[PDB]
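Read the structure below first, then the notes.
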Protein chains: 2
Amino acid sequence: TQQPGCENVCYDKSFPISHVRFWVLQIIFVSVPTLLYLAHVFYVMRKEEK
Amino acid sequence: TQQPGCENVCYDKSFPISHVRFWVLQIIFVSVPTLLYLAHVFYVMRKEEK
């Protein structure tokens, strides 16, 4: 279209969220429980040590 | 504006009627009564002749 301002609004309507950023959000959310468990068991071991 | 289709619609809103065409309409409308009178008196003279 020759309408200025149509590209990105159509792009934005096409792509609410970019796939790479969405997958980054997915992997970071999946990784969080593992990091929580690792830190928690590490603190448990340190407290058990004393 | 970068909006395509804005020129002529703004031009059209600006110029409902072009001045040259409007004056042509004015002068032709003014001239019509004179031509009517000339033809009418000419026909009157021709009928009077016979």
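By order in the structure tokens, chains are A, B, ...; within a chain, residues start at 1; ligands start at 1, following the order shown.
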Exercise. Return the neighbours of chain A among the residues of chain B, cut-off 9 Å, counting only C-alpha atoms, as a ChimeraX atom specification.
Key: /B:2-5
Those residues with C-alpha atoms, as a PDB file, in the first residue's frame please?
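Contents of selection.pdb, as written:
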```pdb
ATOM      1  CA  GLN B   2       2.954  11.921   2.802  1.00  0.00           C
ATOM      2  CA  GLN B   3      -0.601  10.621   2.608  1.00  0.00           C
ATOM      3  CA  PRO B   4      -1.343   9.643  -0.999  1.00  0.00           C
ATOM      4  CA  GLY B   5      -4.742  10.857  -2.047  1.00  0.00           C
TER       5      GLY B   5
END
```
Self-check item: Interatomic distance (Å, one decimal) between CA of residue 16 in chain B and CA of residue 34 in chain B
Solution: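 Pair CA of residue 16 in chain B / CA of residue 34 in chain B returns 28.8 Å.
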Exercise. Run DSSP on the backbone and grab whatever in chain A lands in helix (DSSP H, G or I); send it over as a ChimeraX atom specification.
Key: /A:7-14,19-49
Go ahead and write the selection's residues with C-alpha atoms as a PDB file, in the first residue's frame.
```pdb
ATOM      1  CA  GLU A   7       3.583  -1.140   7.391  1.00  0.00           C
ATOM      2  CA  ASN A   8       4.324  -1.301  11.105  1.00  0.00           C
ATOM      3  CA  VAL A   9       0.694  -1.242  12.267  1.00  0.00           C
ATOM      4  CA  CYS A  10       0.078  -4.234  10.012  1.00  0.00           C
ATOM      5  CA  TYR A  11       3.376  -5.708  11.187  1.00  0.00           C
ATOM      6  CA  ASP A  12       2.406  -5.044  14.792  1.00  0.00           C
ATOM      7  CA  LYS A  13      -0.993  -6.650  14.254  1.00  0.00           C
ATOM      8  CA  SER A  14       0.797  -9.532  12.545  1.00  0.00           C
ATOM      9  CA  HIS A  19       9.351 -15.385  18.241  1.00  0.00           C
ATOM     10  CA  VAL A  20      12.965 -15.020  19.357  1.00  0.00           C
ATOM     11  CA  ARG A  21      11.998 -12.839  22.324  1.00  0.00           C
ATOM     12  CA  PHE A  22       9.111 -15.180  23.123  1.00  0.00           C
ATOM     13  CA  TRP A  23      11.439 -18.186  23.141  1.00  0.00           C
ATOM     14  CA  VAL A  24      13.906 -16.249  25.294  1.00  0.00           C
ATOM     15  CA  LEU A  25      11.046 -15.658  27.726  1.00  0.00           C
ATOM     16  CA  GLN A  26      10.142 -19.345  27.514  1.00  0.00           C
ATOM     17  CA  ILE A  27      13.653 -20.630  28.202  1.00  0.00           C
ATOM     18  CA  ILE A  28      14.331 -18.127  30.986  1.00  0.00           C
ATOM     19  CA  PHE A  29      11.054 -19.040  32.700  1.00  0.00           C
ATOM     20  CA  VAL A  30      11.879 -22.743  32.394  1.00  0.00           C
ATOM     21  CA  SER A  31      15.389 -22.203  33.762  1.00  0.00           C
ATOM     22  CA  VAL A  32      14.257 -20.257  36.847  1.00  0.00           C
ATOM     23  CA  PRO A  33      13.015 -23.306  38.850  1.00  0.00           C
ATOM     24  CA  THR A  34      16.348 -25.080  38.356  1.00  0.00           C
ATOM     25  CA  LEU A  35      18.285 -22.057  39.612  1.00  0.00           C
ATOM     26  CA  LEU A  36      15.914 -21.758  42.571  1.00  0.00           C
ATOM     27  CA  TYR A  37      16.430 -25.419  43.449  1.00  0.00           C
ATOM     28  CA  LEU A  38      20.217 -25.172  43.101  1.00  0.00           C
ATOM     29  CA  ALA A  39      20.497 -22.124  45.353  1.00  0.00           C
ATOM     30  CA  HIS A  40      18.056 -23.587  47.879  1.00  0.00           C
ATOM     31  CA  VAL A  41      19.914 -26.892  48.218  1.00  0.00           C
ATOM     32  CA  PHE A  42      23.208 -24.980  48.363  1.00  0.00           C
ATOM     33  CA  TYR A  43      21.900 -22.910  51.279  1.00  0.00           C
ATOM     34  CA  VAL A  44      20.593 -26.082  52.932  1.00  0.00           C
ATOM     35  CA  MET A  45      24.034 -27.676  52.643  1.00  0.00           C
ATOM     36  CA  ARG A  46      25.779 -24.566  53.995  1.00  0.00           C
ATOM     37  CA  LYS A  47      23.432 -24.373  56.986  1.00  0.00           C
ATOM     38  CA  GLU A  48      23.821 -28.115  57.570  1.00  0.00           C
ATOM     39  CA  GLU A  49      27.606 -27.684  57.492  1.00  0.00           C
TER      40      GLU A  49
END
```
